[PDB]
Amino acid sequence: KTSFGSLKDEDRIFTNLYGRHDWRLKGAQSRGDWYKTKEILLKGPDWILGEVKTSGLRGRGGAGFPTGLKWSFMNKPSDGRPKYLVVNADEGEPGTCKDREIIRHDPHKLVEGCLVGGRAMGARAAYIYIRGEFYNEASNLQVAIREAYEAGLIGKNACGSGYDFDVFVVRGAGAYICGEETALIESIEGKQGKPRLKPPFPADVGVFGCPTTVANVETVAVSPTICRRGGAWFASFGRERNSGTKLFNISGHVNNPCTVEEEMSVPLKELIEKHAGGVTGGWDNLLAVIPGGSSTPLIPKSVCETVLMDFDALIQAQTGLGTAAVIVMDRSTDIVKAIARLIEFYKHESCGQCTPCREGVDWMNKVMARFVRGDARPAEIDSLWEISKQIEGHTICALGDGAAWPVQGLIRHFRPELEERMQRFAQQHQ
Amino acid sequence: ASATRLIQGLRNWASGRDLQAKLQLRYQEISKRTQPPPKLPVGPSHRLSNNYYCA
Ligand SMILES: NC(=O)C1=CN([C@@H]2O[C@H](COP(=O)(O)OP(=O)(O)OC[C@H]3O[C@@H](n4cnc5c(N)ncnc54)[C@H](O)[C@@H]3O)[C@@H](O)[C@H]2O)C=CC1
Ligand SMILES: Cc1cc2nc3c(=O)[nH]c(=O)nc-3n(C[C@H](O)[C@H](O)[C@H](O)COP(=O)(O)O)c2cc1C
Ligand code: SF4
C-alpha cells in the first residue's frame with residue numbers, strides 16, 4: 001500500500017466520539033459495546049495477548065512501546081501479591097485532548113477495555129487515574145461504571161465468566177507530572193507525584209509494590225475492538241510497525257480545530273486540509289507545526305509538506321509522534337514567545353525531584369525569556385543547546401526530554417530568526 | 001640635564017662618549033604615574049559552547 005489515511009466510518013473504533021449518541025449503557029449496547037465480552041474472558045490471557053501482539057498495537061501514550069509486549073511482561077504467576085491495571089487518564093499535555101473525549105463520550109468502551117486488559121494480564125482491579133480537572137468527566141465515568149456494575153458487566157462474576165474484577169476511578173489534583181506512569185503510581189499511593197527510577201519497572205514493582213501495568217486510555221479502549229474485530233484487521237492500517245488508528249488533535253492556527261480518528265500513516269497536509277479546513281490563511285500561511293503536542297520538536301512548512309503522521313516517519317523527521325496532537329502555527333506568530341511560554345509551562349509543571357530538570361528547566365526558561373525580547377548575543381544560543389544536551393538523558397523520567405526537545409527543535413529550525421532578533425535588539429536598544 | 005655647556009663639553013671630552021644622548025638620570029620622557037584604566041582581555045577558555053572541561 002502506498003498512501004494511507006482516508007478512513008471510512010465503518011472502520012472507526014471510536015464511534016460516538018463527538019457525543020452525538022447516548023453515552024449510557026442503553027446507547028452503548030446499540031453501538032457494539034459489551035458485546036461478546038464473555039467469549040473474550042473465557043479464552044484466557046494468552047489468546048488475548050496473542051490477538052493484541054498480532055494487531056501490532058504500539059503504545060498510544062506517546063512513546064509507542066509495543067503494547068502486547070508491554071502487557072506480556074505481566075504474564076507471570078503471582079507469589080502472594082495481586083496484580084493491577086492502571087489506566088492513565090491524566091492527559092495534561094498541551095494539544096492533547098483525546099482521552100478526555102474517550103472518558104466523556106465513550107466510557108463503556110473504556111470500562112470494557114479495563115475488563116479485557118485485566119483478564120489479559122490477570123489484573124485484579126482497575127484504577128483509572130483520571131485527571132483532577134475532569135470532574136464532570138469523572139462523574140460521567142462514575143455513572144457509566146454504575147451502569148456497568150448493575151448489568152453484571154464488571155464486579156462480582158464479571159460478564160458471566162467466573163472472574164471478579166473491579167474498576168476504580170482515582171482523581172488527580174491538577175498535575176502534569178502525575179501523567180508520567182511512576183509519578184502516577186506515587187500519586188495513587190497518597191504521596192507527592194515524584195517519579196520512581198527504572199528499574200524496577202511497574203510490572204516488577206508498580207502500585208503499592210504490586211505488579212502493575214499503566215496503560216493509556218486510547219490503548220486500553222481499542223483492545224476490546226482488537227479482540228472482537230481481530231488482530232489482522234487492526235494491523236492492516238498504517239505502515240509496518242505503525243499499525244492501528246489514532247485520535248489526532250488538530251489545534252492551534254486552523255479554521256476548525258478538531259479531534260478526528262484517522263488511519264495511522266496519513267499525510268499531515270492531507271489531514272490539516274481535509275479534516276480541519278487548513279491553516280488560517282491556507283497552506284501558504286503555515287510557518288511551523290509542533291507535530292505531536294508540546295513534548296516533541298516542531299518541524300517547519302518545508303518538512304510538513306510530505307511527512308507521514310506515524311511514529312517512524314516522524315522519527316526520520318527528527319521528532320516524535322507523541323500523542324499525535326498537531327499544533328499548527330502560521331506566519332504571524334512570534335514562535336520564540338510560544339516556545340518560551342511552553343518552557344514556562346514545563347517549569348510550572350515539573351516536580352523538582354532530581355537536579356537537571358529542577359535547575360535546568362528554570363534556567364532554560366530564564367534564557368528563553370531573555371531570548372523573547374532578545375536580551376542576549378548569538379553565542380548564548382548554542383550554549384542553550386548544550387543545556388538541552390545536559391538535560392536529555394540525565395533525568396529520571398522524560399519531562400527532561402519534553403522540555404529539552406522543543407528548545408532543540410526551535411534552535412535547529414530557527415537559528416537565523418533568533419540571530420536577527422537579537423541583533424535588531426542590539427541595534428535598536430543601544 | 002640642566003648642566004651648562006662648558007661642563008657638558010668637559011664631560012663629553014672626559015668620558016669620550018656622547019653622554020647627553022643617554023642620560024642615566026630619567027626626566028619627562030618616562031611614563032606617567034596616573035595611567036588610564038585598563039581593560040584586560042580574556043583567555044581562550046571563556047566560551048559558552050564546546051567548552052567542556054575534559055577536552
Ligand atoms: N500521553 C501524554 O499525555 C504524554 C506523553 N508524552 C510522551 O511520553 C514519552 C516518554 O514516556 P515514558 O514512559 O517516560 O518513556 P518511554 O521510553 O520509556 O516508555 C514508554 C513505556 O515503555 C515501557 N517500557 C519500556 N521499556 C521497558 C522495559 N524494559 N520493561 C518494562 N516496561 C518497559 C514503560 O513501562 C512505559 O510505559 C515522550 O516521548 C513524550 O512524547 C509526554 C507528555 C504527555
Ligand atoms: C512528563 C510526562 C507526562 C506524561 N503524561 C501522560 C499523560 O498525561 N497521559 C498518558 O497517557 N501518558 C502520559 N505520559 C506517558 C507515560 O509515561 C506512559 O508512556 C503512558 O502513560 C502509558 O504508556 P502506554 O503508551 O503503553 O499506554 C507522560 C510521560 C511523561 C514523561
Ligand atoms: S526530571 Fe523533573 S519530571 Fe523527572 S523525576 Fe526529576 S523533577 Fe521529576
# chains A, B, ... in the order shown; residues from 1 in each chain; ligands from 1
$ residues_near_ligand --ligand "ligand 2" --cutoff "7 Å" --atoms "only C-alpha atoms and all ligand atoms" --output "PDB file with C-alpha atoms, in the first residue's frame"
ATOM      1  CA  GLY A  59       1.746   2.402  22.899  1.00  0.00           C
ATOM      2  CA  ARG A  60      -0.792   5.189  22.457  1.00  0.00           C
ATOM      3  CA  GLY A  61       0.602   7.122  25.418  1.00  0.00           C
ATOM      4  CA  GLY A  62       3.206   8.595  23.117  1.00  0.00           C
ATOM      5  CA  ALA A  63       6.374   6.520  23.173  1.00  0.00           C
ATOM      6  CA  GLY A  64       4.977   3.707  21.041  1.00  0.00           C
ATOM      7  CA  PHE A  65       6.212   0.829  23.175  1.00  0.00           C
ATOM      8  CA  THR A  67       1.505  -2.805  23.954  1.00  0.00           C
ATOM      9  CA  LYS A  70       4.151  -4.414  27.487  1.00  0.00           C
ATOM     10  CA  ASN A  88      -3.702   6.604  32.712  1.00  0.00           C
ATOM     11  CA  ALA A  89      -6.418   9.197  32.086  1.00  0.00           C
ATOM     12  CA  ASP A  90      -4.393  12.211  33.177  1.00  0.00           C
ATOM     13  CA  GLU A  91      -3.733  13.882  29.787  1.00  0.00           C
ATOM     14  CA  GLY A  92      -2.034  17.065  30.924  1.00  0.00           C
ATOM     15  CA  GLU A  93      -0.274  17.681  27.610  1.00  0.00           C
ATOM     16  CA  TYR A 176       1.022  17.255  34.593  1.00  0.00           C
ATOM     17  CA  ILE A 177       3.723  15.054  36.121  1.00  0.00           C
ATOM     18  CA  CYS A 178       1.045  12.756  37.516  1.00  0.00           C
ATOM     19  CA  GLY A 179       0.588  11.593  33.903  1.00  0.00           C
ATOM     20  CA  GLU A 180       4.041  10.031  33.907  1.00  0.00           C
ATOM     21  CA  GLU A 181       3.490   6.446  34.967  1.00  0.00           C
ATOM     22  CA  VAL A 214      -0.008   1.622  33.403  1.00  0.00           C
ATOM     23  CA  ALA A 215      -1.687   1.918  30.007  1.00  0.00           C
ATOM     24  CA  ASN A 216      -3.197   4.920  28.231  1.00  0.00           C
ATOM     25  CA  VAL A 217      -6.963   5.304  27.777  1.00  0.00           C
ATOM     26  CA  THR A 219      -4.616   1.929  24.054  1.00  0.00           C
ATOM     27  CA  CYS A 397      11.597  10.438  33.614  1.00  0.00           C
ATOM     28  CA  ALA A 398      11.056  12.038  30.217  1.00  0.00           C
ATOM     29  CA  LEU A 399       9.929  15.505  31.219  1.00  0.00           C
ATOM     30  CA  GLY A 402       9.903  17.007  26.900  1.00  0.00           C
TER      31      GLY A 402
END
$ residues_around --residues "residue 300 (chain A)" --least-positions-apart "4" --cutoff "10 Å" --atoms "only C-alpha atoms" --output "count of residues only"
14
$ residues_around --residues "region 34-51 of chain B" --least-positions-apart "5" --cutoff "7 Å" --atoms "only C-alpha atoms" --output "PyMOL selection string"
chain A and resi 379-380+382-383+386
$ write_last_selection --atoms "C-alpha atoms" --output "short mmCIF file (atom, residue, chain, number, x, y, z; two decimals), in the first residue's frame"
data_model
loop_
_atom_site.label_atom_id
_atom_site.label_comp_id
_atom_site.auth_asym_id
_atom_site.auth_seq_id
_atom_site.Cartn_x
_atom_site.Cartn_y
_atom_site.Cartn_z
CA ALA A 379 26.75 32.71 21.41
CA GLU A 380 24.09 32.09 24.07
CA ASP A 382 24.43 27.17 21.25
CA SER A 383 25.10 27.29 25.00
CA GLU A 386 24.28 22.27 25.34
#
$ select_by_dssp --residues "region 181-279 of chain A" --states "helix (DSSP H, G or I)" --output "MDAnalysis selection string"
chainID A and resid 181:188 207:209 217:229 231:235 268:275
$ residues_around --residues "residue 110 (chain A)" --least-positions-apart "6" --cutoff "10 Å" --atoms "only C-alpha atoms" --output "compact mmCIF listing (two decimals) with C-alpha atoms, in the first residue's frame"
# COMPACT_ATOMS: atom_id res chain seq x y z
CA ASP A 33 -20.05 -2.04 23.48
CA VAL A 87 -5.49 3.26 33.06
CA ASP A 99 -8.54 10.82 26.28
CA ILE A 102 -12.89 8.99 25.36
CA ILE A 103 -13.91 9.45 29.01
CA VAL A 116 -10.32 -7.21 28.81
CA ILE A 128 -8.50 4.63 36.22
CA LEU A 141 -17.43 7.84 34.06
CA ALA A 144 -21.18 4.68 33.43
CA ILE A 145 -19.41 2.42 35.95
CA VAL A 217 -6.96 5.30 27.78
CA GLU A 218 -6.69 5.12 24.00
CA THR A 219 -4.62 1.93 24.05
CA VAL A 220 -6.99 0.41 26.63
CA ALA A 221 -10.29 1.21 24.88
CA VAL A 222 -9.25 -0.11 21.47
CA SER A 223 -8.25 -3.54 22.85
CA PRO A 224 -11.81 -5.00 23.04
$ select_by_dssp --residues "region 114-267 of chain A" --states "strand (DSSP E)" --output "count of residues only"
31
$ atom_distance --atom1 "CA of residue 321 (chain A)" --atom2 "CA of residue 267 (chain A)"
12.8 Å
